[PDB]
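Remarks on the structure that follows.
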Amino acid sequence: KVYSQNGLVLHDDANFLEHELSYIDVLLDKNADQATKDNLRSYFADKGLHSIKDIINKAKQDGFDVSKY
Amino acid sequence: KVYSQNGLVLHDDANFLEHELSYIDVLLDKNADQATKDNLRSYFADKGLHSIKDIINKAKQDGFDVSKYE
Amino acid sequence: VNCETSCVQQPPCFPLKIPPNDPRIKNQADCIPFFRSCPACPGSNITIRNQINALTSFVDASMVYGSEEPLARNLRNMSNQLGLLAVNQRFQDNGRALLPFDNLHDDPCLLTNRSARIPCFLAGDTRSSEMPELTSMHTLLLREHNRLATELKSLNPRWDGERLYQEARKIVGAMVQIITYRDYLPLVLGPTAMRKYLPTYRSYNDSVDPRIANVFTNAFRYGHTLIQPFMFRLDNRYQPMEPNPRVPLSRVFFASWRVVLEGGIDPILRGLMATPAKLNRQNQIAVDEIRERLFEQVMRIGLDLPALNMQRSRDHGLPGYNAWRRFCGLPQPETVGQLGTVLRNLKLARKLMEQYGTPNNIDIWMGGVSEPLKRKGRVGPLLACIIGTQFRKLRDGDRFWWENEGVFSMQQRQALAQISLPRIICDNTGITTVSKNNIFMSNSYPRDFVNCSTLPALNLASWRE
Amino acid sequence: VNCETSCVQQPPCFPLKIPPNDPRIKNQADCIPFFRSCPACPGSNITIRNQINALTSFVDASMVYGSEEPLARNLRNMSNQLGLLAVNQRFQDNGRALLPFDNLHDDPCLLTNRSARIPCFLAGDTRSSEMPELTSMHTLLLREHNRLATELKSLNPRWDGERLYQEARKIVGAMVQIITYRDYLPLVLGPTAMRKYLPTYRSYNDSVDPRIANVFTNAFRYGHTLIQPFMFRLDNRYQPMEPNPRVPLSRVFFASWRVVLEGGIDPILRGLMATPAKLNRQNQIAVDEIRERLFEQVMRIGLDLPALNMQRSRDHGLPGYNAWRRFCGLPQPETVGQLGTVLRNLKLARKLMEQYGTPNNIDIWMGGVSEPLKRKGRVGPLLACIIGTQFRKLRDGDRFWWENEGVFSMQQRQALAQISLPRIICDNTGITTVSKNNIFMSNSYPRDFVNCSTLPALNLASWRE
Amino acid sequence: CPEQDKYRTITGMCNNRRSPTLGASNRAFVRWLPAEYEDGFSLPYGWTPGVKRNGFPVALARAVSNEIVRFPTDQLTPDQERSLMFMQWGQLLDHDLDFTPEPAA
Amino acid sequence: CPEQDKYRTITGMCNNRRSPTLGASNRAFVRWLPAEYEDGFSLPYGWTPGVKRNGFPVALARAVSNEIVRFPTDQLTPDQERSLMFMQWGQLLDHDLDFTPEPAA
Ligand SMILES: *[C@@H]1O[C@H](CO[C@@H]2O[C@@H](C)[C@@H](O)[C@@H](O)[C@@H]2O)[C@@H](O[C@@H]2O[C@H](CO)[C@@H](O[C@@H]3O[C@H](CO[C@H]4O[C@H](CO)[C@@H](O)[C@H](O)[C@@H]4O)[C@@H](O)[C@H](O[C@H]4O[C@H](CO)[C@@H](O)[C@H](O)[C@@H]4O)[C@@H]3O)[C@H](O)[C@H]2NC(C)=O)[C@H](O)[C@H]1NC(C)=O
Ligand SMILES: *[C@@H]1O[C@H](CO[C@@H]2O[C@@H](C)[C@@H](O)[C@@H](O)[C@@H]2O)[C@@H](O[C@@H]2O[C@H](CO)[C@@H](O[C@@H]3O[C@H](CO[C@H]4O[C@H](CO)[C@@H](O)[C@H](O)[C@@H]4O)[C@@H](O)[C@H](O[C@H]4O[C@H](CO)[C@@H](O)[C@H](O)[C@@H]4O)[C@@H]3O)[C@H](O)[C@H]2NC(C)=O)[C@H](O)[C@H]1NC(C)=O
Ligand code: HEM
Ligand code: HEM
Ligand SMILES: *[C@@H]1O[C@H](CO)[C@@H](O[C@@H]2O[C@H](CO)[C@@H](O)[C@H](O)[C@H]2NC(C)=O)[C@H](O)[C@H]1NC(C)=O
Ligand SMILES: *[C@@H]1O[C@H](CO)[C@@H](O)[C@H](O)[C@H]1NC(C)=O
Ligand SMILES: *[C@@H]1O[C@H](CO)[C@@H](O)[C@H](O)[C@H]1NC(C)=O
Ligand SMILES: *[C@@H]1O[C@H](CO)[C@@H](O)[C@H](O)[C@H]1NC(C)=O
Ligand SMILES: [Br-]
Ligand SMILES: [Br-]
Ligand SMILES: [Br-]
Ligand SMILES: [Br-]
Ligand SMILES: [Br-]
Ligand SMILES: [Br-]
Ligand SMILES: [Br-]
Ligand SMILES: [Br-]
Ligand SMILES: [Br-]
Ligand SMILES: [Br-]
Ligand SMILES: [Br-]
Ligand SMILES: [Br-]
Ligand SMILES: [Br-]
Ligand SMILES: [Br-]
Ligand SMILES: [Br-]
Ligand SMILES: [Br-]
Ligand SMILES: [Br-]
Ligand SMILES: [Br-]
Ligand SMILES: [Br-]
Ligand SMILES: [Br-]
Ligand SMILES: [Br-]
Ligand SMILES: [Br-]
Ligand SMILES: [Br-]
Ligand SMILES: [Br-]
Ligand SMILES: [Br-]
Ligand SMILES: [Br-]
Ligand SMILES: [Br-]
Ligand SMILES: [Br-]
Ligand SMILES: [Br-]
Ligand SMILES: [Br-]
Ligand SMILES: [Br-]
Ligand SMILES: [Br-]
Ligand SMILES: [Br-]
Ligand SMILES: [Br-]
Ligand SMILES: [Br-]
Ligand SMILES: [Br-]
Ligand SMILES: [Br-]
Ligand SMILES: [Br-]
Ligand SMILES: [Br-]
Ligand SMILES: [Br-]
Ligand SMILES: [Br-]
Ligand SMILES: [Br-]
Ligand SMILES: [Br-]
Ligand SMILES: [Br-]
Ligand SMILES: [Br-]
Ligand SMILES: [Br-]
Ligand SMILES: [Br-]
Ligand SMILES: [Br-]
Ligand SMILES: [Br-]
Ligand SMILES: [Br-]
Ligand SMILES: [Br-]
Ligand SMILES: [Br-]
Ligand SMILES: [Br-]
Ligand SMILES: [Br-]
Ligand SMILES: [Br-]
Ligand SMILES: [Br-]
Ligand SMILES: [Ca+2]
Ligand SMILES: [Ca+2]
């Protein structure tokens with residue numbers, strides 16, 4: 001949800017978070033163990049993002065630079 | 001308001017009441033004082049009935065005999 | 001889903017399911033109809049659901065005058081300036097007034113004696129026809145209002161209709177307060193609890209919350225254990241009246257025709273004064289006229305008033321017996337042994353634990369009415385706490401309480417203290433022989449009866465202006 | 001009508017109007033922005049309006065972990081099984097973690113130092129960036145979680161991430177409970193009130209309602225009287241740090257850039273330990289950095305936090321001073337004389353009566369903070385009652401209270417009793433010199449300081465499995 | 001609320017001048033205890049098959065009536081010291097205090 | 001609520017097993033006293049021009065701040081017996097206890 005105080009939006013869960021970009025790196029790391037990636041895919045699928053194209057695309061829409069992907 | 005208890009309608013204010021018929025007779029009584037009638041016209045107009053034709057016609061829709069005004 | 005004609009559990013229906021070996025309802029795919037009470041905040045997934053009181057909490061005789069401005073006007077005689085309540089225009093009771101008829105499109109009173117074609121009555125509360133004994137009480141108070149207004153007009157001729165109505169209403173309201181708090185409640189709670197929950201009145205306290213608590217709607221149904229299986233009627237010798245002296249209750253629900261055609265309110269009031277109430281006992285809680293045949297004349301199936309009681313407390317999300325015990329400062333039994341001690345009845349305890357598994361889950365009404373009664377009261381300590389606490393709030397939190405400074409003059413208070421229900425009956429009916437104080441304890445004719453002449457009338461001289 | 005830019009009174013805006021001769025706002029057609037709190041049941045003309053708490057009332061460290069399952073997950077490091085909270089991926093504080101950045105479309109932190117381009121932080125509560133002192137406390141607890149999880153993984157290697165997270169969280173939660181109830185609240189209430197409102201813990205009581213009362217949201221704002229007009233920062237000699245040692249508060253609201261680029265959390269925490277709080281005095285209630293310049297860098301006009309407090313109490317429909325006094329069993333002054341006696345200050349009484357006309361109308365925060373302070377406490381009797389009662393409820397009504405049987409082992413309880421905020425600071429920062437017990441009273445360097453070496457760490461040996 | 005009045009309002013409004021809905025009609029009941037519902041906030045116990053209350057099955061209300069409340073009517077005990085008017089005043093009084101509305105058909 | 005659990009829920013649900021929303025997030029505050037609104041049920045005092053509370057004008061909150069709360073900052077009185085950490089723990093703690101939401105624009 002959107003948490004609001006004195007007309008200032010203080011958090012919105014709708015938005016991709018910068019620290020979740022480091023999760024994109026783990027998914028593309030070829031030498032990272034398959035259980036770690038499955039857990040992350042499940043994390044991003046609980047949020048309604050099912051492919052890495054859907055993940056990267058949501059980060060971009062939310063204002064992040066994703067040009068190294 | 002419709003007041004309801006155990007699937008039984010116990011009162012509905014929408015409906016004309018039998019005792020209000022006796023008010024129709026006071027309005028048609030030619031020798032009844034004009035202050036009394038004004039009070040009643042206001043009572044029936046607060047309910048959204050503005051003429052005696054509209055009053056009698058509402059009593060009819062709500063199941064009463066109004067043939068004795070013919 | 002029409003909750004009356006379907007057994008599907010879908011909002012707003014919460015039908016009572018039928019156990020395997022039911023004495024009356026053979027088919028387990030049948031149900032007892034039940035509509036969930038209206039929620040205060042419909043559709044919310046934030047609020048904790050709560051229900052609505054349609055009436056004024058105050059003991060203000062709103063059962064006579066109504067709790068909403070359209071009904072309140074509609075109850076009044078608008079054809080003159082005498083400040084009267086409206087009366088029936090088709091029927092009279094040996095010359096005295098009857099309630100006006102209400103107009104419902106599906107009228108349950110018409111379904112009792114089909115041929116008699118006598119509809120339900122209209123009063124300040126919508127339930128006035130539910131049993132004719134109740135109707136008679138409403139009718140009595142209707143007449144008392146009009147008698148007062150008439151006496152006041154005579155006394156103060158320059159008073160307009162609005163003034164007469166209010167003053168009479170204010171008197172009738174005090175009479176209900178006095179009868180309730182002086183005569184009725186001491187016999188509900190017993191002396192110990194009366195002194196604990198209702199100590200002597202001091203003065204209006206604007207910080208006392210006067211609202212009805214949700215639990216009180218269920219707890220005050222203790223009265224269901226007082227109900228006899230018949231309506232008793234008595235002639236002017238206080239003998240049984242021969243057009244059916246003892247009608248079964250399942251033939252009097254909504255039976256407004258009985259008032260109009262079977263001899264008016266006099267026989268019914270005699271019946272109430274001179275017949276004993278039922279006693280609540282642990283093995284004789286409530287009768288089958290309400291447990292098997294509630295409303296059976298006006299409905300597809302007879303209801304079970306006790307069971308409705310219990311379904312309703314769950315509808316209202318009421319905590320169980322031990323939580324209310326704790327609320328009241330009473331010990332909370334955990335084992336069947338301890339519950340046996342609390343009930344002075346191990347057998348009943350075992351039966352309660354078999355139904356509920358823990359005393360924590362016992363529905364408030366069932367636990368309440370199971371408790372042994374306080375000395376000289378007709379509730380146990382749990383119900384006495386809830387009911388006591390409620391009426392304290394209604395008294396101390398009422399700005400118009402009759403004893404509150406400025407509501408009445410000292411002279412008017414002195415005169416109001418002479419009122420009694422027996423006197424009101426003498427003033428407004430053809431009864432000339434009535435119970436001794438206390439009307440609610442007196443129950444045997446003629447041992448407990450006196451002539452109307454012996455009772456002091458209400459003197460309205462201090463209302464002169 | 002956008003309540004942030006508009007002075008029209010239309011739901012949901014309740015802008016504070018400007019008095020004729022205002023010292024700061026010359027223009028009386030302007031206003032202070034105010035949005036009415038979200039109602040529980042929007043648009044109802046049956047319910048009495050009430051507001052919503054978006055957080056768990058329990059002292060469960062929900063400011064760290066969140067109060068809702070999407071945020072709570074989003075705060076976790078989901079790239080491994082170590083049970084860690086997520087940390088900043090761009091910045092570190094001399095090698096230690098910072099809170100992750102939140103992503104807001106309209107981010108107020110970016111409006112403080114425009115050129116620094118540092119957004120607000122993400123934490124269990126959404127207000128974490130409001131002042132950098134608060135941010136530092138959030139950051140500290142972030143690190144303490146991850147330190148615990150790390151130590152626990154070492155001790156119990158076969159524990160998965162879910163398990164590590166829960167156990168660390170459970171420890172952090174108890175640490176907040178202990179610091180709050182053992183160290184903080186006694187200094188809030190003073191000993192008399194502590195013994196009255198928070199007697200010795202017995203056990204979990206499942207009948208105690210642990211909700212936050214509406215009035216507590218206003219009453220606990222007593223802390224606004226403690227606020228100093230500057231943020232103080234100190235180097236490792238506890239001397240002023242030369243990139244601005246004493247920043248005015250109106251230049252630190254949402255100033256997350258100060259934490260990331262002006263030397264991390266160490267200087268800020270030193271500042272908090274080695275600087276006094278402001279004393280509440282009846283003539284020196286709250287400073288102009290919050291009374292005139294609240295949030296002025298991120299918003300069209302500086303707010304007035306005291307005034308907001310008072311508008312908010314009316315938004316929430318809170319009764320006035322005398323009603324809360326009565327609730328607490330405290331005398332209720334009616335005259336200016338009596339109010340003077342209660343406040344031990346006739347002058348202030350006169351000023352309050354000139355504003356409000358009766359003590360019945362004094363807004364709860366204003367009356368609360370006006371009261372003379374209890375001995376060795378920082379609130380008067382009224383606020384001590386409300387705040388005391390609140391924390392009693394939160395303790396006795398919390399099934400996971402740290403001392404409740406079954407929550408921790410006896411050994412774990414023994415070890416938890418060694419924890420203190422000073423030690424937590426030693427464990428998670430570059431600070432090697434910290435306050436003596438009690439951290440909240442100790443305030444002067446070096447008189448009141450000790451080396452980290454002297455303090456016992458939390459022993460996790462009884463968490464082995 | 002008017003500053004001065006002589007009689008009760010019909011609705012009960014303004015009886016309590018500081019909180020003038022208190023005791024008035026068409027308002028929620030007050031709660032003396034927190035409500036206890038199946039789901040925490042609206043569904044009654046008994047609603048969902050198989051869902052217990054505090055670890056025990058919810059008893060059919062009709063079962064409780066059958067097993068505990070039922071008795072043979074010929075065994076009814078008249079109260080020596082209470083009249084049937086005592087029953088009836090309770091119902092009349094209840095009807096001054098509370099009416100809990102339900103949806104119609 | 002599960003019959004047996006080892007850790008707190010995030011939301012606070014099920015802390016109290018009999019009434020499991022108690023202390024959980026996104027629920028109404030409890031009221032220790034009846035609310036006091038201009039109209040009985042939703043409008044705050046100060047809303048309607050010229051409407052008094054208990055017989056007296058409502059004081060502008062900013063006026064009350066100006067006249068009672070304002071003081072010269074250079075005269076600030078340090079607390080000899082409390083650190084600024086005492087202030088800051090209070091705010092952190094408040095942020096464990098309550099957050100009252102408002103509509104966004
Ligand atoms: C577990 O906690 C329960 C709740 O505890 C409250 O909060 C905790 C944190 C403590 O601060 C505690 O002191 C608090 O009470 C606790 O249950 C409570 O127990 C008390 C005492 O038994 C109950 O009070 C009694 O209430 C009844 C009913 O009236 C009350 O409610 C109405 C309506 O809200 C109000 O209008 C009243 O003013 C009351 O508040 C009273 O009839 C009764 O008083 C009468 O009798 C006593 C003694 O003879 C006289 O002194 C009085 O003058 C009266 O004549 C009490 O006031 C309380 O209702 C109840 N709360 C709940 C939620 O059940 C429980 O005992 C704790 N258990 C353990 C093992 O610790
Ligand atoms: C006018 O009526 C007011 C309402 O009174 C109640 O209703 C009437 C009908 C009677 O039944 C009456 O006896 C009822 O109490 C009345 O004000 C009430 O005053 C009492 C006593 O002062 C107040 O009780 C105190 O409450 C505080 C706060 O805690 C309460 O609330 C929380 C949550 O609701 C609960 O958790 C608690 O259990 C409490 O109920 C307590 O701090 C305090 O107890 C402590 O202090 C006393 C005094 O030193 C000690 O003896 C105790 O052991 C405790 O340490 C009391 O329980 C009550 O809040 C207040 N209510 C209102 C609505 O203001 C008022 O005094 C009446 N005036 C006159 C002149 O008659
Ligand atoms: C002739 C005597 C009585 C009835 C017939 C009768 C019937 C009902 C019914 C049908 C209900 C509703 C049941 C449901 O929950 O669906 C009901 C509720 C209440 N009662 Fe009953 N009752 C008769 C007699 C009494 C007596 C003597 C009472 C008290 C002394 C009494 C009380 C009440 C109350 C307070 C309710 C709840 C009302 C509400 O809507 O708030 N009744 N009764
Ligand atoms: C640096 C310290 C503090 C602030 C900056 C600050 C600011 C606020 C603001 C803006 C509000 C909202 C006001 C409104 O009604 O519009 C607010 C409310 C609350 N506070 Fe404040 N606060 C600072 C510091 C403290 C301290 C030290 C407190 C207590 C010891 C404290 C308490 C509170 C509380 C409880 C609230 C209400 C929270 C809610 O939303 O329920 N604050 N504060
Ligand atoms: C705004 O933020 C910038 C950082 O982006 C601050 O500039 C730094 O100031 C320090 C101390 O004066 C210097 O040592 C740095 O080298 C500066 N960095 C840059 C990139 O300029 C600036 O001082 C801040 N402004 C305010 C209002 O204090
Ligand atoms: C009104 O009162 C008059 C005189 O008492 C009576 O004749 C008339 O029938 C009454 N009407 C109603 C509807 O009560
Ligand atoms: C029905 O009412 C009539 C009067 O209309 C009466 O004579 C008859 O006996 C009544 N029937 C019953 C079932 O009592
Ligand atoms: C998770 O933890 C690993 C190991 O400590 C760390 O390298 C990484 O930055 C962390 N991820 C996040 C987003 O916190
Ligand atoms: Br009629
Ligand atoms: Br429903
Ligand atoms: Br609620
Ligand atoms: Br008559
Ligand atoms: Br029949
Ligand atoms: Br009924
Ligand atoms: Br009396
Ligand atoms: Br008595
Ligand atoms: Br009260
Ligand atoms: Br038995
Ligand atoms: Br029977
Ligand atoms: Br319980
Ligand atoms: Br007796
Ligand atoms: Br007896
Ligand atoms: Br007893
Ligand atoms: Br007197
Ligand atoms: Br007779
Ligand atoms: Br009598
Ligand atoms: Br505009
Ligand atoms: Br709004
Ligand atoms: Br002004
Ligand atoms: Br200006
Ligand atoms: Br409400
Ligand atoms: Br770290
Ligand atoms: Br800056
Ligand atoms: Br804040
Ligand atoms: Br786990
Ligand atoms: Br502790
Ligand atoms: Br102490
Ligand atoms: Br104290
Ligand atoms: Br409680
Ligand atoms: Br440093
Ligand atoms: Br700056
Ligand atoms: Br300042
Ligand atoms: Br702005
Ligand atoms: Br007051
Ligand atoms: Br005083
Ligand atoms: Br002075
Ligand atoms: Br002063
Ligand atoms: Br001290
Ligand atoms: Br001190
Ligand atoms: Br105190
Ligand atoms: Br250091
Ligand atoms: Br130390
Ligand atoms: Br310490
Ligand atoms: Br060390
Ligand atoms: Br109202
Ligand atoms: Br309740
Ligand atoms: Br509730
Ligand atoms: Br509640
Ligand atoms: Br089950
Ligand atoms: Br969870
Ligand atoms: Br409150
Ligand atoms: Br309220
Ligand atoms: Br309330
Ligand atoms: Br000044
Ligand atoms: Ca009433
Ligand atoms: Ca919390």
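Each chain gets a letter, A, B and so on, in the order its sequence line appears, and its residues count up from 1. Keep in mind that the numbers below use all heavy atoms, side chains included, and drop hydrogens, waters and symmetry copies.
To the nearest 0.5 Å, atom CG of residue D/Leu305 and atom CD1 of residue D/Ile227 are 6.5 Å apart. Note that CG of D/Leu185 and CG of D/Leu198 are 6.0 Å apart. Values are rounded to the nearest 0.5 Å. We find the CG-CG distance between F/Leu97 and D/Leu394 to be 6.0 Å, quoted to the nearest 0.5 Å. D/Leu226 CG to D/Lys278 NZ: the interatomic distance, rounded to the nearest 0.5 Å, is 7.5 Å. Once rounded to the nearest 0.5 Å, the distance linking CZ of D/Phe216 with CH2 of F/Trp32 reads 8.0 Å. For the atom pair E/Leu22 CG and E/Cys14 SG, the distance stands at 11.0 Å (nearest 0.5 Å).
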Self-check item: Derivation of the ring pair (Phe, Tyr, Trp, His ring centres under 6.0 Å) call for D/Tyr184 and D/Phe391
Solution: CA-CA 12 Å; D/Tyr184 178 74; D/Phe391 280 102; 7.5 Å; no
Quiz item: Given D/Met366 and D/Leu352, is the side chain to side chain contact (heavy atoms under 4.5 Å, CB included) satisfied, shown in steps?
Solution: CA-CA 9 Å; D/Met366 196 64 264; D/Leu352 293 165; 4.2 Å; yes
Exercise. Give the C-alpha distance, both sets of side-chain angles, the deciding distance and a yes or no for salt bridge (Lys or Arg N to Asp or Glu O under 4.0 Å) between C/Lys393 and C/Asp398.
Key: CA-CA 8 Å; C/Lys393 295 271 187 274; C/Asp398 186 4; over 6 Å; no
Quiz item: Between D/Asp30 and D/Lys17, is a salt bridge (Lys or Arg N to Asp or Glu O under 4.0 Å) present by the stated rule, with each step listed?
Solution: CA-CA 7 Å; D/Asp30 210 331; D/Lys17 290 165 176 85; over 6 Å; no
Exercise. Give the intermediate values and the outcome of side-chain hydrogen bond (donor to acceptor under 3.5 Å, both in side chains) for residues D/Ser250 and D/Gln297.
Key: CA-CA 7 Å; D/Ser250 53; D/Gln297 280 195 298; over 6 Å; no
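Side chain of E/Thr9 to main chain of E/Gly12: a donor-acceptor pair is present (N/O by atom type, distance under 3.5 Å, no hydrogens or angles).
No donor-acceptor contact under 3.5 angstrom links the side chains of D/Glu130 and A/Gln5, judged on distance only. For the 3.5 Å distance criterion, the side chains of D/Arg211 and D/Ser57 fail to qualify, holding no donor opposite an acceptor. In summary, the side chains of D/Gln332 and D/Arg325 do not present any donor paired with an acceptor at a separation below 3.5 Å, with no hydrogens or angles considered. For C/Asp396 and C/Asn205, the side-chain atoms include no donor-acceptor pair closer than 3.5 Å. If you check the side chains of D/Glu371 and D/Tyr321, you find a donor sitting under 3.5 Å from an acceptor. There is a side-chain donor-acceptor pair under 3.5 Å between F/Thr77 and D/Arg281. D/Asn218 and D/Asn309 are not linked by any side-chain donor-acceptor pair at a separation below 3.5 angstrom, with hydrogens and angles left out of the test. In this structure, a donor-acceptor pair under 3.5 Å is absent between the side chains of D/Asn2 and D/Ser6.
One finds a salt bridge joining D/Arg314 and D/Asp363 here, because a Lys/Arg side-chain nitrogen approaches an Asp/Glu carboxylate oxygen to under 4.0 Å. A salt bridge is defined here as a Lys NZ or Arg NE, NH1 or NH2 lying under 4.0 Å from an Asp or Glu carboxylate O, and D/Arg251 with D/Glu296 meets this definition. With salt bridges taken as basic N to acidic carboxylate O contacts below 4.0 Å, none links C/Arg399 and C/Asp206. Using a 4.0 Å cut-off between charged nitrogen and carboxylate oxygen, D/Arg221 and F/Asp98 do not count as a salt-bridge pair.
A 4.5 Å side-chain heavy-atom check between D/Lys374 and D/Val379 finds every atom pair outside the cut-off. For the pair F/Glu81/D/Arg378, a side-chain contact is recorded, criterion being any heavy-atom separation below 4.5 Å from C-beta on. With a 4.5 Å cut-off on side-chain heavy atoms, D/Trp324 and D/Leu382 count as touching. Here the side chains of D/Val188 and F/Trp89 are not in contact, with every heavy-atom distance at 4.5 Å or above.
By the 30° and 60° cut-offs, the orientation of the rings of D/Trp365 relative to D/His224 is tilted.
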Donor-acceptor contacts, no H, no angles, side chain residues 36-49 of chain D, under 3.5 Å, sequence neighbours left out:
residue: D/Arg36; atom: NE; partner: D/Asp315; partner atom: OD1; Å: 2.6
residue: D/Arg36; atom: NH1; partner: F/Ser42; partner atom: O; Å: 2.9
residue: D/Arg36; atom: NH2; partner: D/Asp315; partner atom: O; Å: 3.1
residue: D/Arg36; atom: NH2; partner: D/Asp315; partner atom: OD1; Å: 3.4
residue: D/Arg36; atom: NH2; partner: F/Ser42; partner atom: O; Å: 2.8
residue: D/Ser37; atom: OG; partner: D/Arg312; partner atom: NH1; Å: 3.3
residue: D/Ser37; atom: OG; partner: D/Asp315; partner atom: OD2; Å: 3.3
residue: D/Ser37; atom: OG; partner: D/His316; partner atom: NE2; Å: 2.8
residue: D/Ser44; atom: OG; partner: D/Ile46; partner atom: N; Å: 3.0
residue: D/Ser44; atom: OG; partner: D/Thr47; partner atom: N; Å: 3.0
residue: D/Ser44; atom: OG; partner: D/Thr47; partner atom: OG1; Å: 3.3
residue: D/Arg49; atom: NH2; partner: D/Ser37; partner atom: O; Å: 3.3

Give every donor-acceptor pair under 3.5 Å between a side-chain atom in residues 51-63 of chain F and any protein atom, sequence neighbours left out.
residue: F/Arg53; atom: NH2; partner: D/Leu318; partner atom: O; Å: 3.1
residue: F/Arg53; atom: NH2; partner: F/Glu36; partner atom: OE1; Å: 3.2
residue: F/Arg62; atom: NE; partner: D/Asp22; partner atom: OD2; Å: 2.7
residue: F/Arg62; atom: NE; partner: F/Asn66; partner atom: OD1; Å: 3.3
residue: F/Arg62; atom: NH1; partner: D/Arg291; partner atom: O; Å: 3.1
residue: F/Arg62; atom: NH1; partner: D/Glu292; partner atom: OE1; Å: 3.0
residue: F/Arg62; atom: NH1; partner: D/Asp304; partner atom: OD2; Å: 2.9
residue: F/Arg62; atom: NH2; partner: D/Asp22; partner atom: OD1; Å: 2.8
residue: F/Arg62; atom: NH2; partner: D/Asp22; partner atom: OD2; Å: 3.4
residue: F/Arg62; atom: NH2; partner: D/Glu292; partner atom: OE1; Å: 2.8

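Nearest heavy-atom pair across A/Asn6 and D/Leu308 is OD1-CD1, 3.9 Å. Nearest heavy-atom pair across D/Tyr197 and D/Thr389 is CD2-OG1, 3.7 Å.
For the pair E/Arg27 and F/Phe41, the cation-pi test (distance below 6.0 Å, angle within 45°) is passed.
Side-chain rings of D/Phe14 and F/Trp47 approach one another, their centers coming within less than 6.0 Å.
With sequence neighbours excluded, the residues forming a ring pair (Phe, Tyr, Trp, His ring centres under 6.0 Å) with D/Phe253 are D/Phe295, listed by chain and number.
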